[PDB]
>>> print(open('my_file_18.cif').read())   # mmCIF, N, CA, C and O atoms
data_entry
#
loop_
_atom_site.label_atom_id
_atom_site.label_comp_id
_atom_site.auth_asym_id
_atom_site.auth_seq_id
_atom_site.Cartn_x
_atom_site.Cartn_y
_atom_site.Cartn_z
N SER X 98 110.30 91.58 25.10
CA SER X 98 108.87 91.19 25.17
C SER X 98 108.57 90.34 26.42
O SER X 98 109.41 89.55 26.85
N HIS X 99 107.37 90.49 27.00
CA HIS X 99 106.95 89.79 28.24
C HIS X 99 106.12 88.52 28.01
O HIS X 99 105.98 87.71 28.93
N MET X 100 105.60 88.31 26.79
CA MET X 100 104.82 87.12 26.40
C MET X 100 105.71 85.99 25.83
O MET X 100 106.87 86.22 25.46
N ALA X 101 105.17 84.78 25.73
CA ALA X 101 105.85 83.61 25.16
C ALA X 101 106.20 83.79 23.66
O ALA X 101 105.50 84.48 22.92
N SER X 102 107.29 83.15 23.22
CA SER X 102 107.89 83.35 21.89
C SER X 102 107.30 82.55 20.70
O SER X 102 107.33 83.10 19.59
N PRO X 103 106.78 81.30 20.83
CA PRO X 103 106.32 80.53 19.67
C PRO X 103 104.88 80.89 19.26
O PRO X 103 104.13 81.53 19.99
N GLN X 104 104.52 80.45 18.06
CA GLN X 104 103.19 80.59 17.45
C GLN X 104 102.63 79.22 17.04
O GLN X 104 103.18 78.56 16.16
N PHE X 105 101.51 78.80 17.64
CA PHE X 105 100.74 77.61 17.24
C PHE X 105 99.45 77.98 16.50
O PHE X 105 98.76 78.94 16.87
N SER X 106 99.08 77.18 15.49
CA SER X 106 97.84 77.30 14.73
C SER X 106 96.67 76.52 15.35
O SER X 106 95.51 76.91 15.19
N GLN X 107 96.97 75.41 16.04
CA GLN X 107 95.98 74.47 16.57
C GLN X 107 96.52 73.68 17.77
O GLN X 107 97.73 73.65 18.02
N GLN X 108 95.63 72.97 18.47
CA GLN X 108 95.94 72.14 19.65
C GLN X 108 97.07 71.14 19.40
O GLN X 108 97.86 70.89 20.30
N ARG X 109 97.17 70.55 18.19
CA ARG X 109 98.24 69.59 17.89
C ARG X 109 99.62 70.23 18.02
O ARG X 109 100.46 69.73 18.76
N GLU X 110 99.84 71.34 17.33
CA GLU X 110 101.12 72.07 17.30
C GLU X 110 101.54 72.54 18.70
O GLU X 110 102.68 72.34 19.14
N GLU X 111 100.58 73.10 19.43
CA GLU X 111 100.73 73.48 20.84
C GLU X 111 101.10 72.28 21.75
O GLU X 111 102.03 72.40 22.56
N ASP X 112 100.47 71.11 21.58
CA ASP X 112 100.86 69.89 22.29
C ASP X 112 102.24 69.37 21.87
O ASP X 112 103.02 68.99 22.75
N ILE X 113 102.58 69.37 20.58
CA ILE X 113 103.86 68.91 20.06
C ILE X 113 105.02 69.66 20.74
O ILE X 113 105.97 69.04 21.23
N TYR X 114 104.93 70.99 20.78
CA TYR X 114 105.96 71.84 21.38
C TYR X 114 106.08 71.56 22.88
O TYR X 114 107.16 71.22 23.35
N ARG X 115 104.97 71.63 23.61
CA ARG X 115 104.89 71.37 25.05
C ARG X 115 105.42 69.99 25.45
O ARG X 115 106.20 69.88 26.39
N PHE X 116 105.04 68.96 24.70
CA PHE X 116 105.52 67.59 24.86
C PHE X 116 107.05 67.52 24.72
O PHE X 116 107.74 67.11 25.65
N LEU X 117 107.61 68.02 23.62
CA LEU X 117 109.07 67.99 23.40
C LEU X 117 109.83 68.95 24.32
O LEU X 117 111.03 68.75 24.54
N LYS X 118 109.17 69.95 24.89
CA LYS X 118 109.73 70.80 25.95
C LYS X 118 109.82 70.05 27.27
O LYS X 118 110.77 70.24 28.03
N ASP X 119 108.83 69.20 27.55
CA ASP X 119 108.69 68.52 28.82
C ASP X 119 109.56 67.26 28.92
O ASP X 119 110.17 67.01 29.96
N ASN X 120 109.66 66.49 27.82
CA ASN X 120 110.51 65.29 27.76
C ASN X 120 111.86 65.51 27.06
O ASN X 120 112.83 64.81 27.36
N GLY X 121 111.93 66.46 26.11
CA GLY X 121 113.11 66.65 25.26
C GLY X 121 112.91 65.95 23.92
O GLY X 121 111.80 65.48 23.63
N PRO X 122 113.96 65.82 23.09
CA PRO X 122 113.86 65.34 21.71
C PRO X 122 113.36 63.89 21.60
O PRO X 122 113.92 62.98 22.21
N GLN X 123 112.33 63.67 20.77
CA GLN X 123 111.71 62.35 20.52
C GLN X 123 111.36 62.17 19.04
O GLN X 123 111.27 63.15 18.31
N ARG X 124 111.11 60.95 18.56
CA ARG X 124 110.74 60.68 17.15
C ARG X 124 109.27 60.97 16.89
O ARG X 124 108.47 60.86 17.82
N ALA X 125 108.87 61.19 15.63
CA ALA X 125 107.48 61.53 15.26
C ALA X 125 106.47 60.51 15.78
O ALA X 125 105.38 60.88 16.20
N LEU X 126 106.86 59.24 15.84
CA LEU X 126 106.00 58.16 16.36
C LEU X 126 105.70 58.34 17.85
O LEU X 126 104.55 58.20 18.26
N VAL X 127 106.70 58.75 18.63
CA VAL X 127 106.54 59.08 20.06
C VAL X 127 105.52 60.22 20.19
O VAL X 127 104.59 60.14 20.98
N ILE X 128 105.67 61.26 19.35
CA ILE X 128 104.78 62.43 19.34
C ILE X 128 103.34 62.01 19.00
O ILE X 128 102.39 62.44 19.65
N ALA X 129 103.19 61.14 18.00
CA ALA X 129 101.91 60.66 17.49
C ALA X 129 101.10 60.02 18.63
O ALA X 129 99.98 60.45 18.93
N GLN X 130 101.70 59.04 19.31
CA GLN X 130 101.07 58.32 20.42
C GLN X 130 100.77 59.24 21.60
O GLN X 130 99.74 59.09 22.26
N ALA X 131 101.64 60.22 21.83
CA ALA X 131 101.47 61.21 22.89
C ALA X 131 100.30 62.18 22.63
O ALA X 131 99.70 62.70 23.58
N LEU X 132 99.92 62.39 21.36
CA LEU X 132 98.71 63.11 20.93
C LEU X 132 97.48 62.20 20.79
O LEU X 132 96.36 62.70 20.66
N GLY X 133 97.66 60.87 20.82
CA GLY X 133 96.59 59.87 20.66
C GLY X 133 96.38 59.40 19.22
O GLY X 133 95.39 58.73 18.92
N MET X 134 97.31 59.74 18.32
CA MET X 134 97.40 59.25 16.94
C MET X 134 98.05 57.86 16.90
O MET X 134 98.50 57.32 17.92
N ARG X 135 98.14 57.27 15.69
CA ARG X 135 98.65 55.89 15.48
C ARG X 135 100.02 55.82 14.82
O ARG X 135 100.82 54.96 15.18
N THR X 136 100.30 56.70 13.86
CA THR X 136 101.49 56.65 12.99
C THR X 136 102.24 57.99 12.95
O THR X 136 101.65 59.06 13.12
N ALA X 137 103.54 57.95 12.63
CA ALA X 137 104.39 59.14 12.48
C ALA X 137 103.90 60.11 11.38
O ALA X 137 104.08 61.32 11.48
N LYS X 138 103.21 59.58 10.36
CA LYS X 138 102.59 60.36 9.28
C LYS X 138 101.43 61.23 9.74
O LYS X 138 101.22 62.30 9.17
N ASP X 139 100.73 60.84 10.81
CA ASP X 139 99.63 61.65 11.34
C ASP X 139 100.14 62.94 12.00
O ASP X 139 99.43 63.94 12.05
N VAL X 140 101.41 62.96 12.42
CA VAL X 140 102.02 64.12 13.12
C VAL X 140 102.93 64.93 12.22
O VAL X 140 103.11 66.12 12.42
N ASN X 141 103.55 64.27 11.25
CA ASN X 141 104.57 64.82 10.36
C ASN X 141 104.15 66.15 9.74
O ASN X 141 104.96 67.07 9.70
N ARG X 142 102.88 66.28 9.35
CA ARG X 142 102.28 67.53 8.86
C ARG X 142 102.49 68.69 9.84
O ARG X 142 103.00 69.73 9.46
N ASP X 143 102.17 68.47 11.11
CA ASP X 143 102.33 69.45 12.20
C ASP X 143 103.80 69.69 12.53
O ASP X 143 104.24 70.83 12.70
N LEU X 144 104.58 68.61 12.58
CA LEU X 144 105.99 68.64 12.93
C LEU X 144 106.82 69.47 11.92
O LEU X 144 107.51 70.42 12.29
N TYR X 145 106.69 69.14 10.63
CA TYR X 145 107.39 69.86 9.55
C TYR X 145 106.86 71.29 9.41
O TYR X 145 107.64 72.20 9.13
N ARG X 146 105.56 71.52 9.68
CA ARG X 146 104.99 72.87 9.68
C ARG X 146 105.69 73.76 10.70
O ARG X 146 106.07 74.88 10.38
N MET X 147 105.95 73.23 11.90
CA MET X 147 106.66 73.93 12.97
C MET X 147 108.15 74.12 12.64
O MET X 147 108.73 75.15 12.97
N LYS X 148 108.78 73.19 11.92
CA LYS X 148 110.14 73.38 11.38
C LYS X 148 110.21 74.50 10.34
O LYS X 148 111.11 75.33 10.39
N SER X 149 109.19 74.60 9.48
CA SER X 149 109.07 75.68 8.49
C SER X 149 108.80 77.07 9.11
O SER X 149 108.95 78.07 8.40
N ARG X 150 108.42 77.16 10.40
CA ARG X 150 108.22 78.44 11.12
C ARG X 150 109.17 78.71 12.30
O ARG X 150 108.88 79.57 13.12
N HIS X 151 110.28 77.97 12.38
CA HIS X 151 111.35 78.15 13.38
C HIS X 151 110.93 77.70 14.80
O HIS X 151 111.28 78.33 15.80
N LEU X 152 110.17 76.59 14.89
CA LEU X 152 109.65 76.02 16.15
C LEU X 152 110.11 74.57 16.38
O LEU X 152 110.29 74.18 17.53
N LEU X 153 110.30 73.77 15.33
CA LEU X 153 110.84 72.40 15.43
C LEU X 153 112.05 72.16 14.52
O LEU X 153 112.28 72.89 13.57
N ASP X 154 112.81 71.10 14.76
CA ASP X 154 113.96 70.66 13.96
C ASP X 154 114.06 69.13 14.03
O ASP X 154 114.26 68.57 15.11
N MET X 155 113.92 68.44 12.90
CA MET X 155 114.15 67.00 12.82
C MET X 155 115.63 66.67 12.59
O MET X 155 116.32 67.35 11.82
N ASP X 156 116.11 65.60 13.21
CA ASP X 156 117.42 65.01 12.98
C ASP X 156 117.33 64.02 11.82
O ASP X 156 116.50 63.12 11.81
N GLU X 157 118.24 64.14 10.87
CA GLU X 157 118.36 63.22 9.74
C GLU X 157 118.89 61.84 10.16
O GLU X 157 118.79 60.87 9.40
N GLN X 158 119.44 61.74 11.38
CA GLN X 158 120.18 60.56 11.85
C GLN X 158 119.25 59.46 12.39
O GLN X 158 119.46 58.28 12.11
N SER X 159 118.21 59.85 13.14
CA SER X 159 117.20 58.94 13.70
C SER X 159 115.76 59.48 13.61
O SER X 159 114.88 58.98 14.31
N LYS X 160 115.52 60.52 12.79
CA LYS X 160 114.23 61.24 12.68
C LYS X 160 113.71 61.73 14.03
O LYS X 160 112.51 61.66 14.32
N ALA X 161 114.63 62.24 14.85
CA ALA X 161 114.31 62.78 16.17
C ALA X 161 113.88 64.24 16.03
O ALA X 161 114.65 65.07 15.55
N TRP X 162 112.66 64.56 16.43
CA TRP X 162 112.12 65.92 16.45
C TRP X 162 112.51 66.64 17.74
O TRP X 162 112.27 66.17 18.85
N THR X 163 113.14 67.80 17.57
CA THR X 163 113.72 68.62 18.64
C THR X 163 113.25 70.06 18.47
O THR X 163 113.30 70.60 17.37
N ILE X 164 112.71 70.70 19.51
CA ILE X 164 112.24 72.09 19.47
C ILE X 164 113.36 73.04 19.02
O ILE X 164 114.46 73.01 19.56
N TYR X 165 113.07 73.86 18.01
CA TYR X 165 114.02 74.79 17.38
C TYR X 165 114.46 75.92 18.34
O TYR X 165 113.84 76.98 18.43
N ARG X 166 115.56 75.64 19.05
CA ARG X 166 116.28 76.52 19.99
C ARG X 166 115.37 77.19 21.04
O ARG X 166 115.18 78.43 21.04
#
>>> encode(input="my_file_18.cif", output="structure tokens")
Amino acid sequence: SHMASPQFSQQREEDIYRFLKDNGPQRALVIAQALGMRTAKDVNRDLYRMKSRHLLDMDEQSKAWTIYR
């Protein structure tokens, strides 16, 4: 295929992926502030949604969100 591989539903998910592609693995709180949110809970919905579709992966060790391969 000649087009890009991931699927985003909204601007948040698209920013989350692009952000973690550009800096590498970061915690949900880093992602939240980078979108202009306040808390890790404001992003967690988008973050876990992308993990459920093969786009993100959280680390159990420090809650570091890393783009799924």
>>> residues_around(input="my_file_18.cif", residues="region 140-155 of chain X", least_positions_apart="5", cutoff="6 Å", atoms="only N, CA, C and O atoms", output="list in words")
residues 110, 125, 129, 160, 161, 162, 163, 164, 165 and 166 of chain X
>>> select_by_dssp(input="my_file_18.cif", residues="chain X", states="strand (DSSP E)", output="ChimeraX atom specification")
/X:123-124,153-155,161-164
>>> write_last_selection(input="my_file_18.cif", atoms="N, CA, C and O atoms", output="mmCIF file, in the coordinates of the input")
data_model
loop_
_atom_site.group_PDB
_atom_site.id
_atom_site.type_symbol
_atom_site.label_atom_id
_atom_site.label_comp_id
_atom_site.auth_asym_id
_atom_site.auth_seq_id
_atom_site.Cartn_x
_atom_site.Cartn_y
_atom_site.Cartn_z
ATOM 1 N N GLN X 123 112.330 63.670 20.770
ATOM 2 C CA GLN X 123 111.710 62.350 20.520
ATOM 3 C C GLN X 123 111.360 62.170 19.040
ATOM 4 O O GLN X 123 111.270 63.150 18.310
ATOM 5 N N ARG X 124 111.110 60.950 18.560
ATOM 6 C CA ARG X 124 110.740 60.680 17.150
ATOM 7 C C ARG X 124 109.270 60.970 16.890
ATOM 8 O O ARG X 124 108.470 60.860 17.820
ATOM 9 N N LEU X 153 110.300 73.770 15.330
ATOM 10 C CA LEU X 153 110.840 72.400 15.430
ATOM 11 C C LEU X 153 112.050 72.160 14.520
ATOM 12 O O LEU X 153 112.280 72.890 13.570
ATOM 13 N N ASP X 154 112.810 71.100 14.760
ATOM 14 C CA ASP X 154 113.960 70.660 13.960
ATOM 15 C C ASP X 154 114.060 69.130 14.030
ATOM 16 O O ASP X 154 114.260 68.570 15.110
ATOM 17 N N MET X 155 113.920 68.440 12.900
ATOM 18 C CA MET X 155 114.150 67.000 12.820
ATOM 19 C C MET X 155 115.630 66.670 12.590
ATOM 20 O O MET X 155 116.320 67.350 11.820
ATOM 21 N N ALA X 161 114.630 62.240 14.850
ATOM 22 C CA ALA X 161 114.310 62.780 16.170
ATOM 23 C C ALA X 161 113.880 64.240 16.030
ATOM 24 O O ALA X 161 114.650 65.070 15.550
ATOM 25 N N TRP X 162 112.660 64.560 16.430
ATOM 26 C CA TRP X 162 112.120 65.920 16.450
ATOM 27 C C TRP X 162 112.510 66.640 17.740
ATOM 28 O O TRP X 162 112.270 66.170 18.850
ATOM 29 N N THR X 163 113.140 67.800 17.570
ATOM 30 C CA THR X 163 113.720 68.620 18.640
ATOM 31 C C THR X 163 113.250 70.060 18.470
ATOM 32 O O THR X 163 113.300 70.600 17.370
ATOM 33 N N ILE X 164 112.710 70.700 19.510
ATOM 34 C CA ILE X 164 112.240 72.090 19.470
ATOM 35 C C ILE X 164 113.360 73.040 19.020
ATOM 36 O O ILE X 164 114.460 73.010 19.560
#
>>> atom_distance(input="my_file_18.cif", atom1="atom C of residue 106 (chain X)", atom2="atom O of residue 134 (chain X)")
19.5 Å
>>> atom_distance(input="my_file_18.cif", atom1="CA of residue 138 (chain X)", atom2="CA of residue 103 (chain X)")
23.0 Å
>>> atom_distance(input="my_file_18.cif", atom1="CA of residue 115 (chain X)", atom2="CA of residue 156 (chain X)")
18.5 Å
>>> select_by_dssp(input="my_file_18.cif", residues="chain X", states="alpha helix (DSSP H)", output="PyMOL selection string")
chain X and resi 108-120+125-132+138-148
>>> write_last_selection(input="my_file_18.cif", atoms="N, CA, C and O atoms", output="compact mmCIF listing (two decimals), in the coordinates of the input")
# COMPACT_ATOMS: atom_id res chain seq x y z
N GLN X 108 95.63 72.97 18.47
CA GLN X 108 95.94 72.14 19.65
C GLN X 108 97.07 71.14 19.40
O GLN X 108 97.86 70.89 20.30
N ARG X 109 97.17 70.55 18.19
CA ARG X 109 98.24 69.59 17.89
C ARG X 109 99.62 70.23 18.02
O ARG X 109 100.46 69.73 18.76
N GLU X 110 99.84 71.34 17.33
CA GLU X 110 101.12 72.07 17.30
C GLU X 110 101.54 72.54 18.70
O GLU X 110 102.68 72.34 19.14
N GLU X 111 100.58 73.10 19.43
CA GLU X 111 100.73 73.48 20.84
C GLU X 111 101.10 72.28 21.75
O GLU X 111 102.03 72.40 22.56
N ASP X 112 100.47 71.11 21.58
CA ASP X 112 100.86 69.89 22.29
C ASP X 112 102.24 69.37 21.87
O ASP X 112 103.02 68.99 22.75
N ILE X 113 102.58 69.37 20.58
CA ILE X 113 103.86 68.91 20.06
C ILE X 113 105.02 69.66 20.74
O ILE X 113 105.97 69.04 21.23
N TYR X 114 104.93 70.99 20.78
CA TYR X 114 105.96 71.84 21.38
C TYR X 114 106.08 71.56 22.88
O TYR X 114 107.16 71.22 23.35
N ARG X 115 104.97 71.63 23.61
CA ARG X 115 104.89 71.37 25.05
C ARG X 115 105.42 69.99 25.45
O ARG X 115 106.20 69.88 26.39
N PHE X 116 105.04 68.96 24.70
CA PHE X 116 105.52 67.59 24.86
C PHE X 116 107.05 67.52 24.72
O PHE X 116 107.74 67.11 25.65
N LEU X 117 107.61 68.02 23.62
CA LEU X 117 109.07 67.99 23.40
C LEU X 117 109.83 68.95 24.32
O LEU X 117 111.03 68.75 24.54
N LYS X 118 109.17 69.95 24.89
CA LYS X 118 109.73 70.80 25.95
C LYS X 118 109.82 70.05 27.27
O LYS X 118 110.77 70.24 28.03
N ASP X 119 108.83 69.20 27.55
CA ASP X 119 108.69 68.52 28.82
C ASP X 119 109.56 67.26 28.92
O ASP X 119 110.17 67.01 29.96
N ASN X 120 109.66 66.49 27.82
CA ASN X 120 110.51 65.29 27.76
C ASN X 120 111.86 65.51 27.06
O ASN X 120 112.83 64.81 27.36
N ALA X 125 108.87 61.19 15.63
CA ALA X 125 107.48 61.53 15.26
C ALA X 125 106.47 60.51 15.78
O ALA X 125 105.38 60.88 16.20
N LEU X 126 106.86 59.24 15.84
CA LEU X 126 106.00 58.16 16.36
C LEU X 126 105.70 58.34 17.85
O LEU X 126 104.55 58.20 18.26
N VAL X 127 106.70 58.75 18.63
CA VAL X 127 106.54 59.08 20.06
C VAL X 127 105.52 60.22 20.19
O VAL X 127 104.59 60.14 20.98
N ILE X 128 105.67 61.26 19.35
CA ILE X 128 104.78 62.43 19.34
C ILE X 128 103.34 62.01 19.00
O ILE X 128 102.39 62.44 19.65
N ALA X 129 103.19 61.14 18.00
CA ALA X 129 101.91 60.66 17.49
C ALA X 129 101.10 60.02 18.63
O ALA X 129 99.98 60.45 18.93
N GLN X 130 101.70 59.04 19.31
CA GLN X 130 101.07 58.32 20.42
C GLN X 130 100.77 59.24 21.60
O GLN X 130 99.74 59.09 22.26
N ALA X 131 101.64 60.22 21.83
CA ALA X 131 101.47 61.21 22.89
C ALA X 131 100.30 62.18 22.63
O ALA X 131 99.70 62.70 23.58
N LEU X 132 99.92 62.39 21.36
CA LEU X 132 98.71 63.11 20.93
C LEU X 132 97.48 62.20 20.79
O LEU X 132 96.36 62.70 20.66
N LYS X 138 103.21 59.58 10.36
CA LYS X 138 102.59 60.36 9.28
C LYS X 138 101.43 61.23 9.74
O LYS X 138 101.22 62.30 9.17
N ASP X 139 100.73 60.84 10.81
CA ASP X 139 99.63 61.65 11.34
C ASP X 139 100.14 62.94 12.00
O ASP X 139 99.43 63.94 12.05
N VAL X 140 101.41 62.96 12.42
CA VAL X 140 102.02 64.12 13.12
C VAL X 140 102.93 64.93 12.22
O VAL X 140 103.11 66.12 12.42
N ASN X 141 103.55 64.27 11.25
CA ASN X 141 104.57 64.82 10.36
C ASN X 141 104.15 66.15 9.74
O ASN X 141 104.96 67.07 9.70
N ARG X 142 102.88 66.28 9.35
CA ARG X 142 102.28 67.53 8.86
C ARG X 142 102.49 68.69 9.84
O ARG X 142 103.00 69.73 9.46
N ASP X 143 102.17 68.47 11.11
CA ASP X 143 102.33 69.45 12.20
C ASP X 143 103.80 69.69 12.53
O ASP X 143 104.24 70.83 12.70
N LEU X 144 104.58 68.61 12.58
CA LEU X 144 105.99 68.64 12.93
C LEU X 144 106.82 69.47 11.92
O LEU X 144 107.51 70.42 12.29
N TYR X 145 106.69 69.14 10.63
CA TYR X 145 107.39 69.86 9.55
C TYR X 145 106.86 71.29 9.41
O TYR X 145 107.64 72.20 9.13
N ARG X 146 105.56 71.52 9.68
CA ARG X 146 104.99 72.87 9.68
C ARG X 146 105.69 73.76 10.70
O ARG X 146 106.07 74.88 10.38
N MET X 147 105.95 73.23 11.90
CA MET X 147 106.66 73.93 12.97
C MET X 147 108.15 74.12 12.64
O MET X 147 108.73 75.15 12.97
N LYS X 148 108.78 73.19 11.92
CA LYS X 148 110.14 73.38 11.38
C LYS X 148 110.21 74.50 10.34
O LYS X 148 111.11 75.33 10.39
